[PDB]
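Undergrad: Quick one: the structure is below, and I'll ask about it shortly.
Chains as they are written, first to last, in the deposited numbering: chain Y, 1 to 199; chain I, 1 to 204; chain Q, 2 to 62, 64 to 120; chain a, 1 to 216; chain Z, 1 to 213; chain N, 1 to 202; chain b, 1 to 203; chain X, 1 to 90, 92 to 196; chain J, 1 to 90, 92 to 196; chain H, 1 to 220.
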């Protein structure tokens with residue numbers, strides 16, 4: 001399990017692998033590790049799968065209620081804070097979550113880290129997961145604010161590739177999403193074994 | 001588990017007048033991969049290899065003491081070792097540490113140097129000899145390997161199709177194991193030659 | 002507790018206590034606010050001026067840093083509604099990390115006046 | 001309940017052509033002691049359902065109370081409906097599982113037998129709610145010692161006459177008396193057929209100790 | 001204090017086809033070293049377009065289906081139609097999650113048709129995450145079936161192979177072969193094989209024996 | 001597990017059940033629990049199944065070689081002291097309460113209770129095993145000083161039958177032994193020959 | 001701790017020791033262990049010392065008011081069922097095995113063993129306490145169908161004296177009680193009056 | 001482990017905090033703000049167990065702002081510090098907050114006020130205070146050079162000596178440091194001290 | 001925790017090590033040498049549990065010198081690494098040596114040799130290797146940029162990128178880094194890389 | 001693990017299964033659990049397979065000493081003493097519970113040896129996980145002084161019931177017949193369980209698996 005996302009000049013690039021494990025046994029290789037919140041927001045999967053999925057689905061319901069009542073879409077700073085207030089109450093009961101909220105609001109790009117430990121921080125770059133430490137090294141050596149879009153695609157896929165290469169627990173398919181001002185669009189979906197031939 | 005700290009997975013499979021033995025190449029520490037060219041199958045003769053999975057330090061410890069005893073054997077006797085004798089020697093060597101056991105489950109695959117009958121066997125981590133006529137597997141993804149080899153094995157195969165079934169068994173087994181994989185070597189032991197091959201595998 | 006129905010329908014569609022609540026509006030102080038395009042200026046009437054008054058405590062005009071409001075009628079009800087609106091505005095500041103819009107707290111006060119008619 | 005103290009061992013059961021026969025000893029052990037020697041562990045619920053329970057005995061008497069008051073409150077209406085044994089089995093599955101969900105189980109392992117609409121019913125409920133039917137059932141050490149004889153006879157001959165099933169039960173109870181440490185040579189047999197529920201007992205098994213002369 | 005789960009074994013198997021869904025299961029029920037019964041099917045027909053597979057603790061396997069059929073008949077009252085396959089999956093995800101902190105130890109695999117006449121297999125965890133797959137093995141013997149289906153359905157690690165679509169006659173033989181392979185090596189799977197094929201005409205059954213030991 | 005020895009004039013009467021359980025499954029229901037340490041000296045085995053057979057081979061060895069050298073039938077007190085030394089020397093790795101009974105020409109019929117600890121004490125009767133707790137009160141009430149051989153065989157059979165009735169870890173057949181100057185006379189009470197006590201019915 | 005009740009024709013005979021220990025120090029050596037729940041119904045207290053008084057006060061409360069309402073002397077089976085219900089309802093926090101004995105005009109002399117669990121079973125004789133293990137085998141051998149009153153009093157005194165001799169947690173005086181239609185006759189056996197069994201001395 | 005430091009002067013309080021947010025071997029934020037504005041004359045420095053910190057700080061913050069809305073004036077730093085102490089103390094409950102706190106405030110009538118508080122909610126007013134394992138390395142320098150009449154340039158110099166002690170001796174990588182000062186003119190942001 | 005890194009080139013090995021010795025919150029030594037010279041063509045890098053490191057390394061070192069005294073020539077790095085592995089594995094005794102090792106050597110038949118070894122004494126020859134929690138942060142960049150034919154200045158640049166990642170992301174203060182290169186002319190010391 | 005034995009009129013009949021499991025997976029299908037020890041003494045080994053393997057090597061070796069030394073065929077009680085002394089000396093840490101059956105000059109004997117060194121002499125034994133199911137058949141059907149074929153069918157039926165009613169056993173029935181006048185090691189005797197026929201064929205042709213490197217090493 002390795003997920004990363006980073007802000008830059010033309011929006012947010014979100015990349016994720018697709019391996020879910022059961023101990024040493026690999027259960028699946030087609031896990032959709034970026035959960036689609038709404039036409040403008042994305043959430044991420046690290047740690048516990050259902051713990052991520054239920055709270056982000058209920059957050060999508062919450063922000064749709066807010067769109068119906070307040071007649072406007074939700075900001076990142078409000079929605080991620082509601083996710084933090086949902087997951088803060090159940091500290092210490094055994095929950096496991098690592099998430100990134102990615103959208104486009106009036107502050108521009110949005111990228112906030114919220115977990116089941118309760119942490120809530122901003123930042124320009126992030127990476128969460130078991131093989132996340134390998135993703136930081138490949139990500140930060142090419143990262144700057146002035147990245148071009150396709151070079152950002154190459155940096156995201158290369159960092160997830162090296163993270164999947166070193167981590168035994170990470171793998172699957174490198175899924176790549178791009179949130180822009182007019183909405184999020186799917187970039188590509190690529191197997192690791194094809195990119196080993198490419199790289 | 002202590003066996004699964006380094007990962008690892010080795011299997012053998014019997015063919016008509018040939019045996020095949022293949023081991024994974026990942027040397028691991030529980031999550032961190034370190035190298036991808038770890039040697040587990042060692043030659044103990046012209047047509048006799050031994051494969052050791054499990055804790056990768058006990059593979060090298062048992063294999064160095066085994067080569068120490070086997071060289072004294074083959075210098076004192078004046079013949080190459082028959083594989084059943086090598087099975088009894090490795091079971092003796094592991095059982096000498098009964099209550100201090102090495103964490104390796106060796107598999108042995110080779111040919112009798114006179115009759116050229118195919119032989120395969122495996123052991124537990126403390127020295128129970130298990131001579132089977134179809135296949136023996138060893139390592140952290142044992143269920144995947146029995147699942148592949150129970151359906152893919154058929155008796156009396158030529159070395160080409162034996163290579164094909166052991167390659168498909170290894171490659172489909174280790175891609176459902178997190179802590180194994182990262183490349184595989186395949187040794188085909190024939191009467192007149194040894195074929196050493198490495199395969200295209202997933203590197204994640 | 003006490004759970005009779007006070008506001009009940011009359012023989013022709015007139016919640017009597019809602020009519021009388023608007024009577025209680027009709028004798029309060031008259032208030033105006035006029036919107037300019039970069040200012041909003043409020044004007045409320047005084048009651049019984051009484052030159053011994055300390056003017057500080059009789060002010061009729064901040065729910066937040068950005069919003070104030072005018073009223074008419076029973077003064078204690080008005081102070082109650084302001085103390086409901088202020089705690090709702092600061093809870094909104096707690097949950098969204100943005101100051102309130104005027105529609106949110108106006109809809110909240112508009113529903114608060116109806117929930118106590120039923 | 002966290003501690004079973006007064007316990008009952010194996011209860012058998014097998015379907016036969018026209019009904020169900022279940023059996024159980026009459027012992028209530030207290031640890032190793034044979035403390036109570038004349039208790040009945042078989043309940044007659046109505047004219048077409050009987051019930052035998054292994055494990056903790058106080059919880060069996062609680063179920064006797066509740067499931068007797070249920071059929072009495074059914075018979076007070078007098079509309080012509082009676083609980084089919086499948087209904088009592090589903091009720092016990094829900095009661096045992098609902099006690100399990102409160103982390104407060106009823107420490108039993110029960111066998112419901114009955115005969116309704118001409119069809120024999122034989123159903124198992126344990127303290128977790130694992131519930132199924134079978135052509136023959138056995139709880140406790142009967143599941144290892146008397147269950148193999150029942151299924152070995154049932155493989156050759158799936159339809160049993162009444163006396164064949166009764167002797168098969170007696171011959172399994174002899175095995176349990178030879179090889180269970182908590183059993184007792186004083187047992188009951190309850191048989192439900194078209195005519196209703198009978199209980200025969202106390203019975204006894206006749207032993208053979210000719211291997212005692214086979215030491216040297 | 002009352003160790004509240006017992007692993008009652010069993011494997012289930014579902015394959016989503018082009019216009020069908022096959023669901024298979026063993027019928028052996030176990031408890032450690034014992035065999036309770038040899039005819040206890042794990043495939044439960046929900047509606048005309050969906051059959052569900054159960055594996056895990058058997059008491060929760062009974063309780064959950066007694067919940068699901070009640071929820072189906074509540075839906076058929078309040079909405080005047082039968083549920084779709086995706087609606088059943090989305091319902092059961094909430095039902096499994098609402099027992100978060102005392103989970104149903106059940107691995108659910110929903111097989112059936114969607115509204116467009118294609119096969120859909122929805123395989124769940126005990127805590128309610130779910131995903132759509134083409135094929136899935138679950139329960140006890142999943143590690144012996146899932147690499148072989150990875151070979152034969154996804155066509156991985158094969159060169160020079162035509163990726164033919166999923167026909168019925170090859171898929172049925174695949175289900176029988178993988179269960180013979182599971183019964184040869186896993187102790188928990190055996191004694192029968194109950195196969196439910198969901199097509200547009202209805203649901204039919206085929207029974208094959210396995211190893212008795 | 002219920003063993004019992006009773007001293008009478010001219011010898012001792014031993015008794016034992018025949019049920020050896022592992023957990024609550026009867027592993028052997030015809031177990032012989034009287035081990036000849038010499039001709040007329042029997043030891044009884046209650047507690048750990050390994051230790052009471054493992055020490056008894058060493059004591060049989062030492063006592064046989066001692067009897068060969070001293071040119072005599074060996075004493076019962078000697079056979080008790082060879083257990084009192086050894087079961088004390090390994091007492092933390094043994095769980096062994098032995099009841100040694102036998103005869104010697106020098107001091108007659110003798111019953112030595114060696115409880116778990118490696119001490120030694122002669123008693124007029126000794127009961128042991130898991131079931132002895134249920135028949136302490138019987139034998140304190142029934143024992144009269146100087147019973148005959150047949151009276152003692154009926155007393156041992158009754159006291160064993162009560163413990164086999166009440167204790168679930170005891171049962172089977174009653175194996176008796178009457179050790180005297182004339183020799184050892186063993187007998188087995190099976191089925192109807194076991195003394196029967198009617199249940200407290202109604 | 002050794003309590004015992006024996007059913008005979010026309011009533012029951014109860015018996016109890018009088019030694020209450022905390023650890024291995026005798027805290028009270030004249031303890032009265034027979035509690036009157038009604039006029040002719042006695043319960044016996046073995047196990048946790050608090051519970052067997054605290055439940056018994058509630059059962060005495062319910063049973064007296066029930067007897068006043070029904071205008072009837074209350075049954076022994078009623079007094080056993082009020083324990084079987086309540087000791088079962090709190091069985092995780094009680095350690096209580098009660099032996100209820102008594103008389104009623106409707107069914108005569110009755111002895112109900114309520115073991116630790118909240119069940120109920122009528123027996124011809126019941127023994128309880130820590131010392132009862134040493135006198136199971138005596139009373140299985142000595143009991144005869146239909147003993148008289150004085151034979152029951154001697155049988156209860158002998159069976160208690162054996163357990164007081166063998167069990168270190170039992171001793172003191174033997175407090176008997178014979179409950180019948182004529183009433184309750186209590187008596188105390190002290191010193192020489194306790195039936196004596198000579199030690200198995202060496203000859 | 002997170003670091004805090006505050007110095008109370010004659011008519012000012014100088015506080016500083018580390019600007020790092022870490023996750024178990026790596027830092028995930030290098031512009032992390034641990035200073036939350038309570039009102040115009042009061043800051044609360046907040047470190048400790050993650051999640052408890054921000055929830056507790058914002059819950060206190062909206063009640064301070066709510067008091068300002070209800071009354072039209074600010075809490076005194078004594079009143080807000082005792083309020084925060086009371087809310088942290090109500092500890093033995095089902096909601097314990099393992100938070101470590103410094104509060105700096107300026108009052109019209111009492112002047113500059115600095116309050117130390119641990120996760121027990123023991124409230125101690127001090128002329129200077131510091132949290133973290135880095136406090137053990139720099140309260141000695143603060144005991145060495147602090148006088149009650151330190152003017153603010155000697156305060157930034159002594160703070161620079163303290164953060165250079167963090168750079169030289171302390172084992173955790175704490176490279177960038179945010180500093181603010183409070184006096185009668187409100188809150189003032191100063192330039193970040195970097196290494 | 002201590003950091004090691006080694007890069008094996010076509011005819012050279014570049015190794016580097018952190019120069020810090022710590023104690024529980026503070027560092028006691030900022031010129032700590034973890035590079036122990038075994039002979040003219042072999043270095044042994046030694047980190048791990050304190051006490052076991054210097055004792056194990058010097059006990060190997062006197063036997064590596066002793067073989068040269070008895071024989072008049074050097075151990076090959078294969079033989080010395082297998083000897084070190086045998087003494088570390090000889092584990093299932095009482096005496097634990099919980100040491101993390103790198104052995105770099107140049108043979109005069111095989112060229113440059115780099116050996117990885119954990120506390121289990123699992124011996125794995127690698128083209129590059131690293132110890133510590135910083136290995137989790139830097140081996141990925143090593144997989145990103147390493148080719149088998151890296152010339153030595155590009156190897157200094159790739160090392161410097163890894164050390165800047167230690168400065169940027171890693172939470173322990175690792176400011177100064179010693180580096181040596183082993184060649185056919187013996188051991189070469191380079192300038193300390195500092196931040 | 002299901003092994004059994006009976007004492008019949010002319011000797012000992014031993015039986016076994018062949019399924020050996022590790023974890024909860026079948027590891028071996030045709031494992032031989034009837035060990036050779038002497039020409040007359042065979043020793044079924046249950047429990048820890050490697051410990052009973054080296055034990056029935058070592059005691060076999062010591063009996064090969066002793067039969068050559070005395071020049072006579074060894075007794076059962078000799079192997080009994082050696083087993084109980086070694087297994088008591090290791091205090092049961094050898095996890096081997098044995099059935100030591102043989103025929104010597106005093107007729108047949110059947111001993112069951114528990115790992116701590118306690119020995120029982122029995123007319124019939126069952127060991128292993130499926131010991132209770134075969135013990136049921138023995139308590140139902142055993143008689144003293146049975147003939148050869150009745151004893152063979154009895155042990156085979158008991159091993160069959162232990163195969164069908166246990167997960168821990170299966171896939172073959174081995175027997176052994178020991179007497180004064182004959183030794184009949186019937187391996188296997190009956191095969192109650194049979195692999196099903198594979199309906200599909202999965203034979204991968206040459207070139208199906210991609211190859212990266214290849215090395216041909218010729219030999220003589």
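Where a beta carbon is used, it is the ideal one built from N, C-alpha and C, also for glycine.
Could you tell me which chain b residues have their CB closer than 7 angstroms to the CB of residue 36 of chain a, listed as they occur along the chain?
TA: 121
Undergrad: Determine the DSSP secondary structure at residue 26 of chain Y, reduced to helix, strand or coil.
TA: strand
Undergrad: Do residue 127 of chain a and residue 145 of chain a have their beta-carbon atoms positioned less than 7 angstroms apart in this structure?
TA: No; because the gap between Cβ atoms is not below 7 angstroms, this pair is not in contact.
Undergrad: Measure from the alpha carbon of residue 123 of chain b to the alpha carbon of each residue in a:39, a:208, a:191 and a:92, then state which is nearest.
TA: a:39
Undergrad: For the pair the region 59-77 of chain J and the region 159-168 of chain J, tell me if three or more CB-CB distances fall below 8 angstroms.
TA: no
Undergrad: Based on the DSSP secondary-structure assignment, which residues constitute the bridge partners of residue 180 of chain J?
TA: BP columns for residue 180 of chain J point to J:16.
Undergrad: Name the one or two DSSP bridge partners that residue 204 of chain N has.
TA: With chain N represented from 1 up to 202, any question about residue 204 of chain N goes unanswered, as that position is not in the structure.
Undergrad: For residue 174 of chain N, would you say it is in contact with chain a, using Cβ-to-Cβ distances shorter than 7 angstroms as the test?
TA: Interface flag for residue 174 of chain N against chain a is unset, since no Cβ pair is found closer than 7 angstroms.
Undergrad: Given that a residue counts as buried once 16 or more other Cβ atoms are within 10 Å of its Cβ, and exposed if not, what is residue 90 of chain b?
TA: exposed
Undergrad: Once you ignore the five residues that flank residue 73 of chain Q on each side, which residues in its own chain have a CB closer than 6 angstroms to its CB?
TA: 80
Undergrad: Give the interface partners of residue 58 of chain X over in chain Q, defined as CB-CB distance under 8 angstroms, in chain order.
TA: 96
Undergrad: On the DSSP bridge assignment, give the partners of residue 22 of chain N in chain order.
TA: N:25
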